[PDB]
>>> print(open('run09.csv').read())   # CSV, N, CA, C and O atoms
chain,number,residue,atom,x,y,z
N,1,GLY,N,-12.3,-5.3,-1.6
N,1,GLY,CA,-13.2,-5.9,-0.7
N,1,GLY,C,-13.2,-7.4,-0.8
N,1,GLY,O,-13.4,-8.1,0.2
N,2,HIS,N,-13.1,-7.9,-2.0
N,2,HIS,CA,-13.0,-9.4,-2.3
N,2,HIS,C,-11.8,-9.8,-3.0
N,2,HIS,O,-11.8,-9.8,-4.3
N,3,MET,N,-10.7,-10.1,-2.3
N,3,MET,CA,-9.5,-10.5,-2.9
N,3,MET,C,-9.4,-12.1,-3.0
N,3,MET,O,-9.5,-12.8,-2.0
N,4,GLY,N,-9.3,-12.5,-4.2
N,4,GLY,CA,-9.2,-14.0,-4.5
N,4,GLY,C,-8.3,-14.3,-5.6
N,4,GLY,O,-7.2,-14.8,-5.5
N,5,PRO,N,-8.8,-14.1,-6.9
N,5,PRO,CA,-8.1,-14.4,-8.1
N,5,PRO,C,-6.9,-13.5,-8.3
N,5,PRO,O,-6.6,-12.6,-7.5
N,6,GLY,N,-6.2,-13.7,-9.4
N,6,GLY,CA,-5.0,-12.8,-9.7
N,6,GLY,C,-4.0,-12.8,-8.6
N,6,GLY,O,-3.6,-11.8,-8.1
N,7,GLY,N,-3.6,-14.0,-8.2
N,7,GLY,CA,-2.6,-14.2,-7.1
N,7,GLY,C,-1.4,-15.0,-7.5
N,7,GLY,O,-1.2,-16.1,-7.0
N,8,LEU,N,-0.6,-14.6,-8.5
N,8,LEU,CA,0.5,-15.4,-9.0
N,8,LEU,C,1.8,-14.6,-8.6
N,8,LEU,O,1.9,-13.4,-8.7
N,9,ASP,N,2.8,-15.4,-8.3
N,9,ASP,CA,4.1,-14.9,-7.9
N,9,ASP,C,5.1,-14.8,-9.1
N,9,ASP,O,4.9,-15.6,-10.1
N,10,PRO,N,6.1,-14.0,-9.1
N,10,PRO,CA,7.0,-13.8,-10.1
N,10,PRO,C,8.0,-15.0,-10.3
N,10,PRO,O,8.3,-15.4,-11.4
N,11,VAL,N,8.4,-15.5,-9.1
N,11,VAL,CA,9.3,-16.7,-9.1
N,11,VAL,C,8.6,-17.9,-9.7
N,11,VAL,O,9.2,-18.7,-10.4
N,12,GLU,N,7.3,-18.1,-9.3
N,12,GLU,CA,6.6,-19.2,-9.8
N,12,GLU,C,6.5,-19.2,-11.3
N,12,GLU,O,6.6,-20.3,-11.9
N,13,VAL,N,6.2,-18.1,-11.9
N,13,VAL,CA,6.1,-18.0,-13.3
N,13,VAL,C,7.4,-18.2,-14.0
N,13,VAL,O,7.5,-18.9,-15.0
N,14,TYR,N,8.5,-17.6,-13.5
N,14,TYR,CA,9.8,-17.8,-14.0
N,14,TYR,C,10.2,-19.2,-14.0
N,14,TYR,O,10.8,-19.7,-15.0
N,15,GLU,N,10.0,-19.9,-12.9
N,15,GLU,CA,10.4,-21.3,-12.7
N,15,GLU,C,9.5,-22.2,-13.5
N,15,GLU,O,9.8,-23.3,-13.9
N,16,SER,N,8.3,-21.7,-13.8
N,16,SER,CA,7.3,-22.4,-14.6
N,16,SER,C,7.4,-22.1,-16.1
N,16,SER,O,6.4,-22.4,-16.8
N,17,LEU,N,8.5,-21.7,-16.5
N,17,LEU,CA,8.8,-21.4,-17.9
N,17,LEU,C,9.9,-22.2,-18.5
N,17,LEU,O,10.7,-22.8,-17.7
N,18,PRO,N,10.0,-22.3,-19.8
N,18,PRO,CA,11.0,-23.1,-20.5
N,18,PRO,C,12.4,-22.5,-20.4
N,18,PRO,O,12.5,-21.3,-20.3
N,19,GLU,N,13.4,-23.3,-20.5
N,19,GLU,CA,14.8,-22.8,-20.4
N,19,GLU,C,15.0,-21.6,-21.3
N,19,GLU,O,15.7,-20.7,-21.0
N,20,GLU,N,14.3,-21.6,-22.5
N,20,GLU,CA,14.4,-20.6,-23.4
N,20,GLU,C,13.8,-19.3,-22.8
N,20,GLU,O,14.4,-18.2,-23.0
N,21,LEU,N,12.7,-19.4,-22.2
N,21,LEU,CA,12.0,-18.2,-21.6
N,21,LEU,C,12.9,-17.6,-20.5
N,21,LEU,O,13.1,-16.4,-20.4
N,22,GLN,N,13.4,-18.5,-19.6
N,22,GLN,CA,14.3,-18.1,-18.5
N,22,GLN,C,15.5,-17.4,-19.0
N,22,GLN,O,16.0,-16.4,-18.4
N,23,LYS,N,16.1,-17.9,-20.1
N,23,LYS,CA,17.3,-17.4,-20.7
N,23,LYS,C,17.0,-16.0,-21.3
N,23,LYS,O,17.9,-15.1,-21.3
N,24,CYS,N,15.8,-15.9,-21.9
N,24,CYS,CA,15.4,-14.7,-22.6
N,24,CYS,C,15.3,-13.5,-21.6
N,24,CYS,O,15.7,-12.4,-21.8
N,25,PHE,N,14.7,-13.8,-20.4
N,25,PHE,CA,14.5,-12.8,-19.4
N,25,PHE,C,15.9,-12.4,-18.8
N,25,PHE,O,16.1,-11.2,-18.4
N,26,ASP,N,16.8,-13.3,-18.7
N,26,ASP,CA,18.2,-13.0,-18.2
N,26,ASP,C,18.9,-12.0,-19.0
N,26,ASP,O,19.6,-11.1,-18.5
N,27,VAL,N,18.7,-12.1,-20.3
N,27,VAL,CA,19.3,-11.1,-21.2
N,27,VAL,C,18.5,-9.9,-21.4
N,27,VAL,O,18.7,-9.1,-22.3
N,28,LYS,N,17.5,-9.7,-20.5
N,28,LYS,CA,16.6,-8.5,-20.5
N,28,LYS,C,16.3,-8.1,-22.0
N,28,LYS,O,16.1,-6.9,-22.3
N,29,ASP,N,16.3,-9.1,-22.9
N,29,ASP,CA,16.0,-8.8,-24.3
N,29,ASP,C,14.6,-9.0,-24.6
N,29,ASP,O,14.2,-10.1,-25.1
N,30,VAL,N,13.8,-8.0,-24.4
N,30,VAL,CA,12.3,-8.0,-24.7
N,30,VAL,C,12.1,-8.3,-26.1
N,30,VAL,O,11.2,-9.1,-26.5
N,31,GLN,N,12.9,-7.7,-27.0
N,31,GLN,CA,12.7,-7.9,-28.4
N,31,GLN,C,12.8,-9.4,-28.8
N,31,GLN,O,12.0,-9.9,-29.6
N,32,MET,N,13.8,-10.1,-28.2
N,32,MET,CA,13.9,-11.5,-28.4
N,32,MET,C,12.7,-12.3,-27.9
N,32,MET,O,12.3,-13.3,-28.5
N,33,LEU,N,12.2,-11.9,-26.8
N,33,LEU,CA,11.0,-12.6,-26.2
N,33,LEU,C,9.8,-12.5,-27.1
N,33,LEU,O,9.1,-13.5,-27.3
N,34,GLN,N,9.6,-11.3,-27.7
N,34,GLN,CA,8.5,-11.1,-28.6
N,34,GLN,C,8.6,-12.0,-29.8
N,34,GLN,O,7.6,-12.4,-30.4
N,35,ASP,N,9.8,-12.2,-30.3
N,35,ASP,CA,10.1,-13.0,-31.4
N,35,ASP,C,9.7,-14.4,-31.2
N,35,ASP,O,9.1,-15.1,-32.1
N,36,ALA,N,10.0,-14.9,-30.0
N,36,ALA,CA,9.7,-16.3,-29.7
N,36,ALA,C,8.2,-16.6,-29.7
N,36,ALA,O,7.8,-17.7,-30.1
N,37,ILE,N,7.4,-15.6,-29.4
N,37,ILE,CA,6.0,-15.7,-29.4
N,37,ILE,C,5.5,-15.8,-30.8
N,37,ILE,O,4.5,-16.5,-31.1
N,38,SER,N,6.1,-15.0,-31.7
N,38,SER,CA,5.6,-15.0,-33.1
N,38,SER,C,5.7,-16.4,-33.7
N,38,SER,O,5.0,-16.7,-34.6
N,39,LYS,N,6.5,-17.2,-33.1
N,39,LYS,CA,6.7,-18.6,-33.6
N,39,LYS,C,5.7,-19.5,-32.9
N,39,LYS,O,5.2,-20.5,-33.5
N,40,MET,N,5.4,-19.2,-31.6
N,40,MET,CA,4.5,-20.0,-30.9
N,40,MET,C,3.1,-19.7,-31.3
N,40,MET,O,2.8,-18.8,-32.0
N,41,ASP,N,2.1,-20.6,-30.8
N,41,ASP,CA,0.7,-20.4,-31.1
N,41,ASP,C,0.2,-19.1,-30.4
N,41,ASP,O,0.8,-18.6,-29.4
N,42,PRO,N,-1.0,-18.7,-30.9
N,42,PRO,CA,-1.6,-17.5,-30.3
N,42,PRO,C,-2.2,-17.7,-28.9
N,42,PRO,O,-2.1,-16.8,-28.1
N,43,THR,N,-2.8,-18.8,-28.8
N,43,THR,CA,-3.4,-19.2,-27.5
N,43,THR,C,-2.4,-19.4,-26.4
N,43,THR,O,-2.5,-18.9,-25.3
N,44,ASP,N,-1.3,-20.1,-26.8
N,44,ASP,CA,-0.2,-20.3,-25.9
N,44,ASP,C,0.5,-19.0,-25.5
N,44,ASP,O,0.9,-18.9,-24.3
N,45,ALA,N,0.7,-18.2,-26.5
N,45,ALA,CA,1.3,-16.9,-26.2
N,45,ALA,C,0.6,-16.0,-25.2
N,45,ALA,O,1.1,-15.4,-24.4
N,46,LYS,N,-0.8,-16.0,-25.4
N,46,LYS,CA,-1.6,-15.2,-24.5
N,46,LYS,C,-1.5,-15.7,-23.1
N,46,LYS,O,-1.6,-14.9,-22.2
N,47,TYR,N,-1.4,-17.0,-22.9
N,47,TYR,CA,-1.3,-17.6,-21.6
N,47,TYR,C,0.0,-17.2,-20.9
N,47,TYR,O,0.1,-16.8,-19.7
N,48,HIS,N,1.1,-17.3,-21.7
N,48,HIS,CA,2.5,-16.9,-21.2
N,48,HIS,C,2.5,-15.4,-20.8
N,48,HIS,O,3.0,-15.1,-19.7
N,49,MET,N,2.0,-14.6,-21.7
N,49,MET,CA,2.0,-13.1,-21.4
N,49,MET,C,1.1,-12.8,-20.2
N,49,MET,O,1.4,-11.9,-19.4
N,50,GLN,N,0.0,-13.5,-20.1
N,50,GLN,CA,-0.9,-13.3,-19.0
N,50,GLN,C,-0.3,-13.6,-17.6
N,50,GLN,O,-0.6,-13.0,-16.6
N,51,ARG,N,0.6,-14.6,-17.6
N,51,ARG,CA,1.2,-15.1,-16.4
N,51,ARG,C,2.3,-14.0,-16.0
N,51,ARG,O,2.4,-13.7,-14.8
N,52,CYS,N,3.0,-13.5,-16.9
N,52,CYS,CA,4.0,-12.5,-16.7
N,52,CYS,C,3.4,-11.2,-16.1
N,52,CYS,O,3.9,-10.6,-15.1
N,53,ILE,N,2.3,-10.8,-16.7
N,53,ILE,CA,1.6,-9.6,-16.3
N,53,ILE,C,0.9,-9.8,-14.9
N,53,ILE,O,1.0,-8.9,-14.0
N,54,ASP,N,0.3,-11.0,-14.7
N,54,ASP,CA,-0.4,-11.3,-13.5
N,54,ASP,C,0.6,-11.5,-12.4
N,54,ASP,O,0.3,-11.3,-11.2
N,55,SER,N,1.8,-11.9,-12.7
N,55,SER,CA,2.9,-12.1,-11.8
N,55,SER,C,3.8,-10.9,-11.7
N,55,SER,O,4.8,-10.9,-10.9
N,56,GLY,N,3.6,-9.9,-12.5
N,56,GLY,CA,4.4,-8.7,-12.5
N,56,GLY,C,5.9,-9.0,-12.7
N,56,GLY,O,6.7,-8.3,-12.1
N,57,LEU,N,6.2,-10.1,-13.4
N,57,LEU,CA,7.6,-10.5,-13.6
N,57,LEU,C,8.2,-9.7,-14.7
N,57,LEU,O,9.4,-9.3,-14.6
N,58,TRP,N,7.4,-9.4,-15.7
N,58,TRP,CA,8.0,-8.6,-16.8
N,58,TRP,C,7.0,-7.5,-17.2
N,58,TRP,O,5.8,-7.6,-17.0
N,59,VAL,N,7.6,-6.3,-17.6
N,59,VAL,CA,6.8,-5.2,-17.9
N,59,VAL,C,6.8,-4.9,-19.4
N,59,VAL,O,7.5,-4.0,-19.9
N,60,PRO,N,6.0,-5.7,-20.2
N,60,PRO,CA,6.0,-5.5,-21.7
N,60,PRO,C,5.3,-4.3,-22.1
N,60,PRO,O,4.0,-4.2,-22.1
N,61,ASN,N,6.0,-3.3,-22.5
N,61,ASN,CA,5.5,-2.0,-22.9
N,61,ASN,C,4.6,-1.4,-21.8
N,61,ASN,O,4.5,-1.9,-20.7
N,62,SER,N,3.9,-0.3,-22.2
N,62,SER,CA,3.0,0.3,-21.3
N,62,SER,C,1.5,0.0,-21.6
N,62,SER,O,1.2,-0.7,-22.6
N,63,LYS,N,0.6,0.6,-20.9
N,63,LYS,CA,-0.8,0.4,-21.1
N,63,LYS,C,-1.2,-1.0,-21.1
N,63,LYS,O,-1.9,-1.6,-22.0
N,64,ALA,N,-0.7,-1.7,-20.1
N,64,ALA,CA,-1.0,-3.2,-19.9
N,64,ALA,C,-0.5,-3.7,-18.5
N,64,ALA,O,0.5,-4.4,-18.5
N,65,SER,N,-1.2,-3.3,-17.5
N,65,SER,CA,-0.8,-3.7,-16.1
N,65,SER,C,-2.0,-4.2,-15.3
N,65,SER,O,-3.1,-3.6,-15.5
N,66,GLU,N,-1.8,-5.2,-14.5
N,66,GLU,CA,-2.9,-5.7,-13.7
N,66,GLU,C,-4.0,-6.2,-14.5
N,66,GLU,O,-5.1,-5.7,-14.6
N,67,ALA,N,-3.7,-7.4,-15.2
N,67,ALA,CA,-4.7,-8.0,-16.1
N,67,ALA,C,-6.0,-8.2,-15.4
N,67,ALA,O,-6.1,-8.9,-14.3
N,68,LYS,N,-7.1,-7.6,-15.9
N,68,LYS,CA,-8.4,-7.7,-15.3
N,68,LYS,C,-9.2,-8.9,-15.9
N,68,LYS,O,-8.6,-9.7,-16.7
N,69,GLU,N,-10.5,-9.0,-15.6
N,69,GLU,CA,-11.3,-10.0,-16.2
N,69,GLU,C,-10.7,-11.4,-15.9
N,69,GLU,O,-9.7,-11.5,-15.2
N,70,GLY,N,-11.3,-12.4,-16.6
N,70,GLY,CA,-10.8,-13.7,-16.4
N,70,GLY,C,-11.7,-14.6,-15.4
N,70,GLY,O,-12.2,-14.0,-14.5
N,71,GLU,N,-11.8,-15.9,-15.7
N,71,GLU,CA,-12.6,-16.7,-14.9
N,71,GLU,C,-12.0,-16.8,-13.5
N,71,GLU,O,-10.9,-17.3,-13.3
N,72,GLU,N,-12.8,-16.4,-12.5
N,72,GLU,CA,-12.3,-16.4,-11.1
N,72,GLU,C,-12.7,-17.7,-10.4
N,72,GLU,O,-13.4,-18.5,-11.0
N,73,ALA,N,-12.3,-17.9,-9.2
N,73,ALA,CA,-12.6,-19.1,-8.4
N,73,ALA,C,-12.5,-18.8,-6.9
N,73,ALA,O,-13.5,-19.2,-6.2
N,74,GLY,N,-11.5,-18.1,-6.5
N,74,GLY,CA,-11.4,-17.8,-5.1
N,74,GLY,C,-10.0,-18.0,-4.5
N,74,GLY,O,-9.2,-18.6,-5.2
N,75,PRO,N,-9.7,-17.4,-3.3
N,75,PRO,CA,-8.4,-17.5,-2.7
N,75,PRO,C,-8.1,-18.9,-2.2
N,75,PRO,O,-7.1,-19.5,-2.5
N,76,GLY,N,-9.1,-19.5,-1.5
N,76,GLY,CA,-8.9,-20.9,-1.0
N,76,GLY,C,-8.4,-20.9,0.4
N,76,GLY,O,-7.3,-21.2,0.7
N,77,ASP,N,-9.3,-20.6,1.4
N,77,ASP,CA,-9.0,-20.6,2.8
N,77,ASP,C,-10.2,-20.3,3.6
N,77,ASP,O,-10.4,-19.2,4.2
N,78,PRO,N,-11.1,-21.3,3.7
N,78,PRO,CA,-12.4,-21.2,4.5
N,78,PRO,C,-12.1,-21.1,6.0
N,78,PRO,O,-12.6,-20.3,6.7
N,79,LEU,N,-11.3,-22.0,6.5
N,79,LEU,CA,-10.9,-22.1,7.9
N,79,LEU,C,-12.2,-22.4,8.8
N,79,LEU,O,-12.8,-21.5,9.3
N,80,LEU,N,-12.5,-23.7,8.9
N,80,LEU,CA,-13.7,-24.1,9.6
N,80,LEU,C,-13.8,-25.6,9.7
N,80,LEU,O,-13.9,-26.2,8.7
N,81,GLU,N,-13.8,-26.1,10.9
N,81,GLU,CA,-13.9,-27.6,11.1
N,81,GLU,C,-15.3,-27.9,11.7
N,81,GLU,O,-16.2,-28.5,11.0
N,82,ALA,N,-15.4,-27.7,13.0
N,82,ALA,CA,-16.7,-28.0,13.7
N,82,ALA,C,-16.6,-27.5,15.2
N,82,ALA,O,-17.2,-28.2,16.0
N,83,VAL,N,-15.9,-26.4,15.4
N,83,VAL,CA,-15.8,-25.9,16.8
N,83,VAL,C,-15.0,-24.6,16.7
N,83,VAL,O,-14.0,-24.4,16.1
N,84,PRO,N,-15.6,-23.6,17.5
N,84,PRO,CA,-15.0,-22.2,17.6
N,84,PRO,C,-13.7,-22.2,18.4
N,84,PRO,O,-13.7,-22.4,19.6
N,85,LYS,N,-12.6,-22.1,17.7
N,85,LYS,CA,-11.3,-22.0,18.3
N,85,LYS,C,-11.2,-21.1,19.5
N,85,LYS,O,-11.2,-21.5,20.6
N,86,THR,N,-11.2,-19.8,19.2
N,86,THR,CA,-11.2,-18.7,20.2
N,86,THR,C,-11.2,-17.4,19.6
N,86,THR,O,-10.8,-17.2,18.4
N,87,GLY,N,-11.5,-16.4,20.4
N,87,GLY,CA,-11.6,-15.0,19.9
N,87,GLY,C,-11.3,-14.0,21.0
N,87,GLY,O,-11.0,-14.3,22.1
N,88,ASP,N,-11.4,-12.7,20.6
N,88,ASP,CA,-11.2,-11.6,21.6
N,88,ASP,C,-12.5,-11.3,22.4
N,88,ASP,O,-12.9,-10.2,22.5
N,89,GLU,N,-13.1,-12.4,23.0
N,89,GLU,CA,-14.3,-12.2,23.7
N,89,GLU,C,-14.0,-11.5,25.1
N,89,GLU,O,-14.9,-10.9,25.7
N,90,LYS,N,-12.8,-11.7,25.6
N,90,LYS,CA,-12.4,-11.1,26.8
N,90,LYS,C,-13.2,-11.7,28.0
N,90,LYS,O,-14.2,-12.3,27.8
N,91,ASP,N,-12.7,-11.6,29.2
N,91,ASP,CA,-13.3,-12.1,30.4
N,91,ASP,C,-14.2,-11.0,31.0
N,91,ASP,O,-14.6,-11.1,32.2
N,92,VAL,N,-14.6,-10.0,30.3
N,92,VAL,CA,-15.4,-8.9,30.8
N,92,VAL,C,-14.7,-8.2,31.9
N,92,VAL,O,-14.7,-8.7,33.1
N,93,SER,N,-14.1,-7.1,31.6
N,93,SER,CA,-13.4,-6.3,32.6
N,93,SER,C,-12.3,-7.1,33.3
N,93,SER,O,-12.5,-7.8,34.2
N,94,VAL,N,-11.1,-6.9,32.7
N,94,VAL,CA,-9.9,-7.6,33.2
N,94,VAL,C,-8.6,-6.9,32.8
N,94,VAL,O,-8.2,-5.9,33.3
>>> encode(input="run09.csv", output="structure tokens")
Amino acid sequence: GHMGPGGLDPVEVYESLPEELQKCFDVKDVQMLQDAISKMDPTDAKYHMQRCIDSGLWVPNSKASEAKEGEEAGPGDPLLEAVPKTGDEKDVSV
């Protein structure tokens, strides 16, 4: 009914990742990816994983799809200036 948040693309996340991350995905080596996180911070790791899940770019194990919760904001598309463009008002019988 209200679609707004949780709208990230797979390509955006992939391109928004470090050469190491992009190279890790190429080798479909999930094990190697998990290792990289063990070295990185906890907060940073959660952000990276959240992006992959929200972007459906990677499927890390099961029981973890469509990340819920999280601070929302909105889609971003009011569409309104100061005059009614037009609609299906019809010319009444035509």
>>> closest_residue(input="run09.csv", among="N:42, N:75, N:84, N:70", to="residue 54 in chain N", atoms="only C-alpha atoms")
N:70
>>> select_by_dssp(input="run09.csv", residues="chain N", states="helix (DSSP H, G or I)", output="JSON, numbers by chain")
{"N": [10, 11, 12, 13, 14, 15, 19, 20, 21, 22, 23, 24, 25, 26, 30, 31, 32, 33, 34, 35, 36, 37, 38, 39, 42, 43, 44, 45, 46, 47, 48, 49, 50, 51, 52, 53, 54]}
>>> residues_near_point(input="run09.csv", point="(3.6, -12.7, -17.1)", cutoff="8 Å", atoms="all atoms listed in the file", output="list in words")
residues 9, 10, 13, 14, 46, 47, 48, 49, 50, 51, 52, 53, 54, 55, 56, 57, 58 and 59 of chain N
>>> atom_distance(input="run09.csv", atom1="atom O of residue 82 in chain N", atom2="atom O of residue 3 in chain N")
24.9 Å
>>> atom_distance(input="run09.csv", atom1="CA of residue 88 in chain N", atom2="CA of residue 76 in chain N")
24.5 Å
>>> atom_distance(input="run09.csv", atom1="atom C of residue 71 in chain N", atom2="atom O of residue 39 in chain N")
26.6 Å
>>> closest_residue(input="run09.csv", among="N:38, N:74, N:26, N:15", to="residue 2 in chain N", atoms="only C-alpha atoms")
N:74
>>> decode(input="run09.csv", residues="chain N", atoms="C-alpha atoms", output="short mmCIF file (atom, residue, chain, number, x, y, z; two decimals), in the first residue's frame")
data_model
loop_
_atom_site.label_atom_id
_atom_site.label_comp_id
_atom_site.auth_asym_id
_atom_site.auth_seq_id
_atom_site.Cartn_x
_atom_site.Cartn_y
_atom_site.Cartn_z
CA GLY N 1 0.00 0.00 0.00
CA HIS N 2 2.84 2.38 0.82
CA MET N 3 5.98 1.70 -1.23
CA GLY N 4 8.88 4.01 -0.46
CA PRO N 5 11.99 2.73 1.34
CA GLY N 6 13.96 -0.40 0.47
CA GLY N 7 14.57 0.60 -3.13
CA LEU N 8 18.18 -0.25 -3.98
CA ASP N 9 19.45 -1.76 -7.23
CA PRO N 10 21.98 -4.61 -7.57
CA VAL N 11 24.22 -2.74 -10.01
CA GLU N 12 24.28 0.33 -7.77
CA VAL N 13 25.52 -1.70 -4.80
CA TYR N 14 28.07 -3.61 -6.88
CA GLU N 15 29.48 -0.42 -8.39
CA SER N 16 29.29 1.21 -4.95
CA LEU N 17 31.68 -1.40 -3.55
CA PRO N 18 35.49 -1.63 -3.29
CA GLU N 19 37.55 -3.42 -5.94
CA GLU N 20 37.98 -6.19 -3.38
CA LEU N 21 34.23 -6.64 -2.98
CA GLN N 22 33.61 -6.61 -6.74
CA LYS N 23 36.38 -9.16 -7.22
CA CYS N 24 35.00 -11.35 -4.43
CA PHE N 25 31.56 -11.53 -6.06
CA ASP N 26 33.12 -12.39 -9.42
CA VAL N 27 34.69 -15.51 -7.90
CA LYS N 28 31.30 -16.39 -6.40
CA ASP N 29 33.41 -17.16 -3.32
CA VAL N 30 31.00 -16.43 -0.47
CA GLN N 31 33.47 -17.93 2.00
CA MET N 32 36.07 -15.35 0.98
CA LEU N 33 33.52 -12.54 1.32
CA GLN N 34 32.63 -13.54 4.88
CA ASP N 35 36.33 -13.54 5.76
CA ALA N 36 36.77 -9.96 4.54
CA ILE N 37 34.04 -8.87 6.96
CA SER N 38 35.72 -10.60 9.90
CA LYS N 39 38.54 -8.09 9.42
CA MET N 40 36.30 -5.07 8.84
CA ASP N 41 34.34 -3.30 11.57
CA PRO N 42 30.97 -4.62 12.82
CA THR N 43 29.02 -1.48 11.91
CA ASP N 44 30.60 -1.26 8.45
CA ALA N 45 29.96 -4.96 7.82
CA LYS N 46 26.28 -4.63 8.72
CA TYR N 47 25.93 -1.77 6.24
CA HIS N 48 27.56 -3.71 3.40
CA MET N 49 25.47 -6.81 4.08
CA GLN N 50 22.31 -4.71 4.34
CA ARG N 51 23.00 -3.23 0.91
CA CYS N 52 23.45 -6.64 -0.72
CA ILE N 53 20.24 -7.98 0.84
CA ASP N 54 18.25 -4.83 0.08
CA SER N 55 19.63 -4.88 -3.46
CA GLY N 56 19.20 -8.63 -3.79
CA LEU N 57 22.68 -8.73 -5.29
CA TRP N 58 23.91 -11.59 -3.11
CA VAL N 59 22.09 -14.43 -1.34
CA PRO N 60 24.05 -15.00 1.90
CA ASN N 61 22.67 -18.26 3.30
CA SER N 62 18.94 -18.67 3.96
CA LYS N 63 16.54 -17.16 6.50
CA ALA N 64 17.57 -13.64 5.52
CA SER N 65 15.67 -12.03 2.64
CA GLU N 66 13.98 -8.65 2.20
CA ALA N 67 15.54 -6.75 5.10
CA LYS N 68 12.69 -5.20 7.08
CA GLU N 69 12.64 -2.38 9.63
CA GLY N 70 15.05 0.53 9.29
CA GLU N 71 14.63 4.31 9.25
CA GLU N 72 12.30 5.14 6.36
CA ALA N 73 11.93 8.41 4.46
CA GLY N 74 9.88 7.95 1.30
CA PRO N 75 10.10 7.31 -2.46
CA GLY N 76 10.55 10.93 -3.51
CA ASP N 77 8.03 11.96 -6.16
CA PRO N 78 5.27 14.39 -5.12
CA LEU N 79 4.52 15.72 -8.61
CA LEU N 80 2.84 19.08 -8.04
CA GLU N 81 3.63 22.64 -9.10
CA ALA N 82 0.62 24.96 -9.10
CA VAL N 83 -1.80 23.82 -11.81
CA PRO N 84 -3.70 20.65 -12.79
CA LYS N 85 -2.02 19.23 -15.89
CA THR N 86 -4.84 17.00 -17.15
CA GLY N 87 -6.83 13.85 -16.46
CA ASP N 88 -9.42 11.40 -17.78
CA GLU N 89 -12.27 13.86 -17.22
CA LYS N 90 -13.55 13.18 -20.73
CA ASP N 91 -15.78 15.56 -22.69
CA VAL N 92 -18.89 13.82 -21.38
CA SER N 93 -20.25 11.37 -23.95
CA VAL N 94 -17.83 11.26 -26.88
#
